[PDB]
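S.K.: A structural model of the following input is requested.
(chains A, B, C, D, E, F, G, H, I, J, K, L and M, ligands or ions: 5)
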Amino acid sequence: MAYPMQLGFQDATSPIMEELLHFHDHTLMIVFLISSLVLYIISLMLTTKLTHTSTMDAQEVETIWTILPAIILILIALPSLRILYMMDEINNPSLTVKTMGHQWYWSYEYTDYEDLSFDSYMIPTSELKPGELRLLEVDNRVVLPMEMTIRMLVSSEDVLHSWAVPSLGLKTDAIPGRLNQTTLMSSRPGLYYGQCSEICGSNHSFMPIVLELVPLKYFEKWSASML
Amino acid sequence: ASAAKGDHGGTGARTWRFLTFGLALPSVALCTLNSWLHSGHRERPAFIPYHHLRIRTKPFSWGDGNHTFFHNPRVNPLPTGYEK
Amino acid sequence: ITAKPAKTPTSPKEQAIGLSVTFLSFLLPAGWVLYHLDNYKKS
Amino acid sequence: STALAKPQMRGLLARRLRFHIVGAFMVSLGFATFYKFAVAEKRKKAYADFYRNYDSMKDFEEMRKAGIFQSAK
Amino acid sequence: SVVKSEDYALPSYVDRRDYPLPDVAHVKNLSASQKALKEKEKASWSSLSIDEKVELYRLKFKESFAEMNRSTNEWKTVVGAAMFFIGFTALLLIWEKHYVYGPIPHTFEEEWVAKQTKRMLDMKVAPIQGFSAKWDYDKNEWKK
Amino acid sequence: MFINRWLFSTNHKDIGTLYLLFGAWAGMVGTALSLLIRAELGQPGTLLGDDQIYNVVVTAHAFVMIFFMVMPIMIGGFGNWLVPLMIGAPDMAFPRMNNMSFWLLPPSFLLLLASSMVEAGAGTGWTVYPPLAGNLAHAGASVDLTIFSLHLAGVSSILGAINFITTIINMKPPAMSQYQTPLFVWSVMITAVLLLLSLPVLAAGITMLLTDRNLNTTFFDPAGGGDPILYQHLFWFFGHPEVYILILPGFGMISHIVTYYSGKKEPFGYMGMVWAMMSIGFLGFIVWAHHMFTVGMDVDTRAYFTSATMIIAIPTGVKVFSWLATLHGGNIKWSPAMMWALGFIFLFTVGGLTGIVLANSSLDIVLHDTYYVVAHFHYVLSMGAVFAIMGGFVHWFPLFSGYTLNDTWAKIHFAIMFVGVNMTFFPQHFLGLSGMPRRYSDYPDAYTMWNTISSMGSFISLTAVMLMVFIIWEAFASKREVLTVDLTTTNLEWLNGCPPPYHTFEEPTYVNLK
Amino acid sequence: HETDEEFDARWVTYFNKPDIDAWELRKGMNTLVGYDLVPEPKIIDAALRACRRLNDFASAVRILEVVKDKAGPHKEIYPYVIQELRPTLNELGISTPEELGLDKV
Amino acid sequence: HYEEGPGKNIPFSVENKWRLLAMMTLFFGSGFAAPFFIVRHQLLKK
Amino acid sequence: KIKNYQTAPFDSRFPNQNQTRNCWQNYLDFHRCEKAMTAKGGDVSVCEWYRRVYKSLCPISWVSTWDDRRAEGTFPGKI
Amino acid sequence: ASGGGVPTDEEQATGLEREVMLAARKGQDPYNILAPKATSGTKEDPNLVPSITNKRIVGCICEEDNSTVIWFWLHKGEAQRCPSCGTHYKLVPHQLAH
Amino acid sequence: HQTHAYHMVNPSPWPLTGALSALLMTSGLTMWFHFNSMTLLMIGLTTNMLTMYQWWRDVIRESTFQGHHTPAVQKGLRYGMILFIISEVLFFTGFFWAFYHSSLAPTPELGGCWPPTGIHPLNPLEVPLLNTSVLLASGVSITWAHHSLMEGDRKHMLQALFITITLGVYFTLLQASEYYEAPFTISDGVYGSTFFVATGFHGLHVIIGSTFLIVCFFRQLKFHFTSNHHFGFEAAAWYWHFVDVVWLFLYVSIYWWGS
Amino acid sequence: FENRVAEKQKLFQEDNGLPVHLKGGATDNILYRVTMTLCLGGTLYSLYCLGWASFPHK
Amino acid sequence: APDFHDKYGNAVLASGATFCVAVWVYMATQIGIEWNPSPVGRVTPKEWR
Ligand SMILES: CCCCCCCCCCCCCCCCCC(=O)OCC(COC(=O)CCCCCCCCCCCCCCCCC)OC(=O)CCCCCCCCCCCCCCCCC
Ligand code: HEA
Ligand code: HEA
Ligand SMILES: CCCCC/C=C\C/C=C/C/C=C\C/C=C\CCCC(=O)O[C@H](COC(=O)CCCCCCCCCCCCCCCCC)COP(=O)(O)OCCN
Ligand SMILES: CCCCCCCCCCO[C@@H]1O[C@H](CO)[C@@H](O[C@H]2O[C@H](CO)[C@@H](O)[C@H](O)[C@H]2O)[C@H](O)[C@H]1O
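M.R.: Residues are numbered from 1 along each chain as shown, chains lettered A, B, ... in the order given. Ligands and ions are numbered 1, 2, ... in the order given. Please see the structure below:
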């Protein structure tokens, strides 16, 4: 989750997300390069009494200002695409979980063996235990085994919503009559938070996601207990 | 094919009129003929209360809110079935 | 660009007024609604 | 007294640009390079350093004893 | 000498660095003595006085280059007026706060934040760089 | 006289004037709407206590800023005023249809306000995606009202596009070729082209949204085998071009201003500027799905759209660089308009640069639907489109009116706006990186400091808007009459004096073939 | 496009046209200030002589001002240029802007 | 034959600066005010 | 035999984000097979892999609605 | 019969359309529909610029392919010169309506 | 007074009445969809009809009777029409997209096939085919009309026009009858939805187009057209051809391929 | 019919100061006023509806 | 004759700055605006369980 006065991304909890952080550093490095450059030249142009106001030749310089950006663009796209085909690449998952959007809560299904499902609702602020986070807590967290590939299937039973967990690099729209696949892996145990990311009405702001990442052992016992 | 007939050395309205009466209208008379002898009984299809058809999410804002503009009792069932 | 002197000069006093009125026309009616927000809620 | 030597009189503006373009490139580069040494490389090291020692089971266990989980007490 | 709005399709006078010789003269009509002066101009310029030379320049041009390029104190006014209306805006915000915003939620109370910071550290929020990495677990205090 | 002149007009200047008036007014409404947004977000908790209303205010803000402030000011406003003047046309191709282009606006706008007054308003976001926008989740008249408003706004701009293209192609002197026309004229023509091609697709989509709502069609409804993703295709098919429509006439005016106050007779690389505008126009039609990186399209489609989007940076780069090159060596006059233009060139570049970051489907997974987007686009709209509006308005004001603005006041205005917009939108990048969703009425407590500073800057901008009104009044109150303008030999629109007479070019220009 | 020495001679030729008229004079100077350069004394000398033939003192002085202006932050240029024109200035009775007091605000 | 010239090509009068002021202030003010009153309106529908 | 089941494997007929057809195909495939193995009789555990796959992948509300409609006589799939 | 019955422009054209038509027949351009052709534009051979008042706006495309046109008022009287390229223009009165 | 060749248009009320009638129609539609009342609609429709009548009447007065349509003016009209047509193409595109989007990826809720389970399409070899011949024929006769006019033959022009008009009407009646006879409706899923909306709007255009033809008929009866200046007519023919071609595309996509 | 264009040409070019939409005479006038009346009538009506529809009817 | 800025520039710059700095600082720190700064090195954690 975010902490006060944060500037960049939440720390990576997954490989893919770690990968995007470095990619963004790459890109942001280029952004500073280009904008400082433009800044410098703007002020170079504005700080001399010397003039030259008759006509100038276009040809020579237009090349430089076409070829450079094209190079830069290729340095950006190359790694960008690699990462995209990677967020897709052949998975071998140990588990499938479904999540279904509703106005305004999420429900979850774990139907590989048993028929387990439950609803996850935000904890009202009047009912937070001390230490708990405003608008982020849920009564029922999504207990997943850490350190394993999981297939998340996302969809909706009503309007559009969007299921996101920023520190995992996850965002997938929930569309009625449609089953969207994303792939999830945590490197660490813990509690990781997200929030509905497609305007779904008047309580858009209040249907958070909370994953509880724990070892297989615990995860099994927990699921048997939720039947 | 990019013809079957031919022209350009003499013409005008005359040529186009030749095509109106010579080809265009006769084709219509053919297609009309072809249709005379294909009209009649469309074997009214059996009714199954399929959920993707006879959609109602809002009453239509004419009649009893349940009939479509070009409703035809003979061929267009209501969501509950064909009509009495 | 050049211009004639003002046909009808707007003095500092006159500007002060124009300015003060302009602001209030923006601020008052909104200050009003805002101040009463609460008299609208709980329904 | 004595005559003044003849100075440069043509392409003053262009002279100035030749000089400064170079400046602008370097300055622009520096900035970029700065971001790369002070943030980017630092970040790879942070991640690298962190996982090397890391033990997810001990991490978990600490979290368990601190009472954070619904599924594990 | 006076310019009229309806002279717009007629050539005009301008003072510009990059247009040093404008299309018409600054003064168009001469008094008697001014004609006499333009007559003297047809002669040797050695014969002319300095006062007379300045005059001729003034008949031709409105402002000298030194004049047309003078800097001014406007920036002061601009910067200070901007800061004033910016200071003024803070009044609106002071008002808003006082008359419009209600109490913020109890999760901002100091006790609440302390406990919540703790829990955050127990669950090890951003342990690599952002948050938890800044806490010394062994010494149980913020890293110096 | 009043009725004939103002309600029955067939004169390009007067009509342009009506657009300027209509646009300023809508501007006041959009502003108010933005200040509501920021009041709600200014401290943690809830201010309005009703989130459907928050959603309505957000939706109306965008419709008002886009369809009712920018397009009428830039296209209807400056376009009508300046296009015929810059080509020696006596009026527009179709003067009467022109007047209907304007009059469709206030009724359109009326419907938008109505939609927010009946039932619970339309709280859908300006994308109006179904099922949320459909007859179950948004039952009753509000959404339907919104649709019709877009219908009339659409027709307006369609007829306008046709008028601008016809006039620009058919009413130049016989000797002048398209390659002799001012860049503002190009920028309007190209924009008119994009309007023509894209609006009818929108119009079709919202028509399908209407019938799904009111005629039991199931275009976007899975129950009937329809698909909500199909609606996003159509909307964004219009939607991306829409954004280029909003900036192109801006580029056009920045080119004029930068040249003019540089004391130049023409812009650097005129033909490269033309090229660059055309390329943007073209590319602008083949990149729409980057608004959809999170809906579950396949990876290859996603790789195509990232790549095609990136390519726009190139023809955009050339323009930026040509403006810089026009300044090179100029006799710079630090006019207020020049100050808007400088700010634009810089701020727009930054906005365009964060667009590039978004173009990567890989990152946009984490950035889509966060404040990072909102930050990006307010840089290109509120410091792009707007700064060009302020620039153009202070530059051409004396020509429209006959009077001068007080320059010191105008400079004070710019300064204040500059601080307000930066303090508003700058912090919002951090809000996105740390992951605050877009369109939220409240936020987890971590996010407080940024939101506070943001809302604080938004008031500073309000103080500018307020000063702007006073500045316009001061000019009309003092009545300083224009005499001379510089550089008319390359700025045809000034040649008929200030303001130019009711009919200009009754006898057209003379231009030789050679 | 041509070399330095061609350019110089071309402009000298221009200002030496015996029956050069006022319009031509202004056109020449207004064009010349467009370029990335401060013009060679030989050219200025030509142009001032032209002023003399057109009986126009004030323009001769205005010519001097632009020379100084076009030098911008290179303070060495103008005094050189006057040093070189000094016989023509003395021969023709032309005063400098500084001599006339026109360099103060 | 319409009136032409500064202050004559606009549908409002600038003959009196104080009347001009009241006019502008109603015009811009009505625009700014509306969303405040729509919001109000909606809260009182209740 | 051969089940050893964890969850549905990758299935190169459905290689993209959109997995709707995968749930659907398997529902169909399950029930076709059930048909065959009942207009003959005995065991359906030949079909059992299909049941396991679509069980894993279909949302429950989809499966129950489809189930209703089969019983109702309104299921639009050819079985 | 495949006779007539359709009027021709010659019979039925009216107002301005009719003026333009007649004018064209005598090869005249009173409504400025065609591009005038430069002369040599020297002092002896100026570009002559017809007009119904005492002034008209000229645009001078100084050299072919120039993106920029030079605009100015030509006044009745002595010839004037394009402030950019020097070429000469002289106003010539009425004669589209004496 | 002017030495250019373009039309300066008398001040006119019609822009304002058109805009108002636009308000009334959309208001009315809203009223109808939500409050079951049709009054506003009726009003909007009337005033819209009245605006159209007068505006185009004045265009006629300006050109046939006052001669403002110089060649420059006519060149402009040629562009505006072409552009207006282009915009109508993009509009229909939107409905073609919808059709193709649905019919290529048929969802499970339709039984995963196209046409959906329970839908029985019309036979494209029956009336759809005849319809197709009737529009293609009118394409021919309208061209005969145009050549007659240009060669200055009043009689044959009128005769050819009449035939084109009768064919258009025929199309419209066959199409109504098909609508009545069809065993599916607009509420029959995305099949009915795409089918009725695309052919609907097309049917609307065949009407508009037919109307335009009748107007030209009457202007022709009244000798408005010369053998050289008849833009009202060229506009109507372009539009007609547009209508024709859209039909072809519907027939290939929806009736044939989508059957 | 017969060709009466010249006659209508004369009427519409008649130099009376009237705009094109009123040069037909009395009919133009009637028709114009009717249209205008329905337009302002209709608009007033809709304002009324908008208003009425903006409040809940319980 | 010296312009408006020659006379008043220095007063306007001076009070403008002053008035601005005062009121912002007042506003920033004195009326109970909650900034929620980073707790790091600021807040002593406390038992929550
Ligand atoms: C456009 C003008 C802005 C002015 C607006 C006024 C409003 C107030 C804001 C006053 C702010 C002043 C501006 C400084 C830029 C800082 C960028 C940054 O922190 O970047 C880092 C990342 C964060 O990533 C990380 O996670 C690593 C964190 C670093 C470790 C230390 C953390 C502890 C804090 C250290 C403090 C550093 C300083 C930042 C302190 C926080 C500042 C609020 O954030 C991001 O991506 C932010 C996304 C921005 C992308 C747009 C690029 C704009 C180009 C501007 C042109 C440059 C020419 C300068 C030319 C100089 C011109 C003045
Ligand atoms: C004026 C309006 C405007 C303009 C001009 C643009 C310009 C661009 N925008 Fe933006 N944008 C919007 C307004 C606009 N945007 C709006 C309103 C939205 C949100 C819609 C919504 O969801 O509500 C949006 C959203 C949006 C997204 C969607 C992200 C998401 O929703 O999840 C994307 C991503 O591809 C995008 C990218 C771009 C790009 C690549 C450009 C490019 O055209 C920019 C090109 C310019 C430059 C890059 C700078 C100048 C160039 C140089 C100095 C050359 C050198 C540069 C390099 C070598 C890189 N924008
Ligand atoms: C032109 C487009 C435009 C403009 C100008 C603005 C201006 C502003 N916007 Fe914008 N905004 C959008 C377009 C724009 N916005 C869009 C499309 C969305 C997406 C909504 C959605 O999700 O559906 C949006 C969403 C949006 C949000 C999203 C909130 C949320 O997601 O919940 C926020 C929040 O701060 C915001 C704030 C502001 C602010 C403070 C201003 C301004 O106050 C900035 C300062 C600028 C001004 C105050 C304008 C001044 C101009 C004039 C006064 C014109 C006058 C001209 C003459 C007189 C000649 N806007
Ligand atoms: C022979 C073809 C002529 C058809 C036109 C005649 C009727 C009046 C409508 C005119 C509007 C034109 C068509 C556009 C709207 C869609 C109608 C689709 C065509 C149609 O009429 O489809 C019919 C349904 O009609 C229905 O609902 C009728 C409901 C009519 C209400 C129209 C609602 C208005 C929506 C249009 C506004 C959108 C804006 C368009 C342009 C905006 C772009 C700027 C089919 O009948 P059915 O009983 O379902 O099936 C047959 C069963 N045996
Ligand atoms: C985003 C937009 C920003 C808006 C910023 C508003 C700035 C303040 C402007 C003034 O607003 C007025 O303030 C008074 C409060 O001081 C209110 O009077 C209220 O309070 C007074 C004193 O407390 C009483 O006299 C009155 O009766 C009572 O109505 C009054 O209605 C309100 O209009």
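
S.K.: now residue E:131: phi and psi?
M.R.: The phi/psi pair for residue E:131 (degrees, to the nearest 10) reads phi -140, psi -60.

S.K.: what is the burial count for it?
M.R.: Residues lying near residue E:131 (other C-beta atoms under 10 Å in any protein chain shown) number 25. (C-beta placed from N, C-alpha, C; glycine too.)

S.K.: hey, where'd the strands end up in the chain?
M.R.: Chain wasn't specified; assuming chain A. Listed in chain order, the strands of chain A (DSSP state E) span A:95-102, A:105-110, A:116-120, A:142-145, A:150-156, A:161-165, A:170-174, A:180-184, A:190-195, A:208-214.

S.K.: let me rephrase: I mean chain J.
M.R.: J:47-51, J:55-60, J:70-75, J:80-81, J:88-93.

S.K.: check contacts around the closest residue to residue A:132 other than its chain neighbours.
M.R.: Spatial nearest neighbour of residue A:132, excluding adjacent residues (C-beta to C-beta, 6 or more residues apart in numbering or on different chains): residue A:123 at 6.8 Å. By C-beta atoms under 8 Å, 6 or more residues apart in numbering or on different chains, residue A:123 lies in contact with A:132, A:137-139.

S.K.: give me that answer again for 10 Å
M.R.: For residue A:123, the contacting residues are A:129, A:132-139, A:208, A:210, by C-beta atoms under 10 Å, 6 or more residues apart in numbering or on different chains.

S.K.: which pair in those residues spans the largest distance?
M.R.: Among these, the pair separated by the greatest distance (C-beta to C-beta) is A:129 and A:208, at 15.9 Å.

S.K.: quick revisit: what about the strands of chain J, which gets the closest to chain A?
M.R.: strand J:70-75 (13.0 Å; C-beta to the nearest C-beta).

S.K.: and chain A, which residues reach ligand 1?
M.R.: With C-beta under 6 Å from any ligand atom as the criterion, chain A meets ligand 1 at residues A:7-8, A:28, A:31, A:35-36, A:39.

S.K.: can you say which of those are buried?
M.R.: With neighbours counted by 16 or more other C-beta atoms under 10 Å in any protein chain shown, the residues of chain A next to ligand 1 contain buried members at A:8, A:28, A:31, A:35-36, A:39.

S.K.: can you give me the helices in chain B?
M.R.: All helices of chain B, identified by DSSP state H, fall at B:13-19, B:25-36.

S.K.: any idea which of the ones you listed is most buried?
M.R.: A comparison of the helices of chain B by mean neighbour count, using mean count of other C-beta atoms under 10 Å in any protein chain shown, puts helix B:13-19 on top with a mean of 19.

S.K.: hang on, residue K:166 packs against residue K:141?
M.R.: Yes. With contact defined as C-beta atoms under 10 Å, residue K:166 reaches residue K:141; the gap is 9.2 Å.

S.K.: compare the two and say which one has the larger neighbour count.
M.R.: Taking neighbours as other C-beta under 10 Å, residue K:166 and residue K:141 compare with residue K:141 leading, 25 against 14.

S.K.: isn't the more buried one right up against residue B:21?
M.R.: Yes. Residue K:141 is within contact range of residue B:21, at 9.4 Å (criterion: C-beta under 10 Å).

S.K.: outline the domain layout of chain A.
M.R.: Residue ranges for the domains of chain A, per curated CATH domains: A:2-91, A:92-227.

S.K.: which of these is buried the deepest?
M.R.: With neighbours defined by mean count of other C-beta under 10 Å, none of the domains of chain A is more surrounded on average than domain A:92-227, at a mean of 21.

S.K.: isn't there a strand covering residue H:9?
M.R.: No. Using DSSP: H, G, I helix; E, B strand; the rest coil, the assignment for residue H:9 is coil, not a strand.

S.K.: can you tell me the residue of chain F closest to chain L?
M.R.: Closest approach between chain F and chain L, counting by C-beta to the nearest C-beta: residue F:117, at 4.3 Å.

S.K.: before we move on, what about chain H?
M.R.: Closest point on chain H to chain L, by C-beta to the nearest C-beta, is residue H:45, at 6.1 Å.

S.K.: equivalent analysis for chain A, please.
M.R.: Nearest residue of chain A to chain L (C-beta to the nearest C-beta) works out as residue A:202 at 17.3 Å.

S.K.: before we move on, back to that, what do residue K:141 and residue B:21 both touch?
M.R.: residue K:163.

S.K.: quick check, residue F:179 in contact with residue F:185.
M.R.: No. With contact defined as C-beta under 10 Å, residue F:179 does not reach residue F:185; the gap is 11.5 Å.

S.K.: okay, the two: which has more neighbours?
M.R.: Using other C-beta under 10 Å as the criterion, residue F:179 and residue F:185 rank with residue F:185 on top: 22 against 12.

S.K.: please name every helix or strand in contact with the one helix or strand the more buried one maps to.
M.R.: If you go by DSSP states H and E, residue F:185 is part of helix F:183-214. Here helix F:183-214 touches helix F:80-87, helix F:142-170, helix F:228-260, helix F:270-283, helix K:14-35, helix K:71-104, helix K:189-221, going by 3 or more C-beta pairs under 10 Å, 6 or more residues apart in numbering or on different chains; DSSP states H and E.

S.K.: does ligand 4 sit close to that helix?
M.R.: Yes. Looking at helix F:183-214 against ligand 4 by C-beta under 6 Å from any ligand atom, the contacts come from F:203, F:207.

S.K.: that helix close to ligand 2?
M.R.: No. Helix F:183-214 lies apart from ligand 2 when judged by C-beta under 6 Å from any ligand atom; the minimum separation is 12.0 Å.

S.K.: tilt between that helix and helix F:228-260?
M.R.: Counting by axes from the mean of the first three to the mean of the last three C-alpha atoms, to 10 degrees, helix F:183-214 lies at 160 degrees to helix F:228-260.

S.K.: what about the closest residue to ligand 2 within chain K, how many residues nearby?
M.R.: Nearest residue of chain K to ligand 2: residue K:94, at 20.1 Å (C-beta to the nearest ligand atom). Residue K:94 sits with 22 neighbouring residues when counted by other C-beta under 10 Å.

S.K.: residues in contact with it?
M.R.: Going by C-beta under 10 Å, 6+ apart, residue K:94 touches F:200-208, F:233-234, F:237-238, K:198.

S.K.: tell me which two of the residues you listed sit farthest apart.
M.R.: The span of these, defined through C-beta to C-beta, is set by F:238 and K:198 at 19.0 Å.

S.K.: so which of those two has more stuff around it?
M.R.: residue F:238 (26 against 21).

S.K.: and the closest residue to that one other than its chain neighbours, how far from residue K:85?
M.R.: Nearest residue to residue F:238 in three dimensions, chain neighbours excluded: residue F:202, at 3.7 Å (C-beta to C-beta, 6+ apart). Counting by C-beta to C-beta, to the nearest Å, the gap from residue F:202 to residue K:85 is 19 Å.

S.K.: if you count surrounding residues, which of those two has more?
M.R.: When neighbours are counted by other C-beta under 10 Å, residue F:202 and residue K:85 differ, and residue F:202 comes out ahead with 24 against 14.
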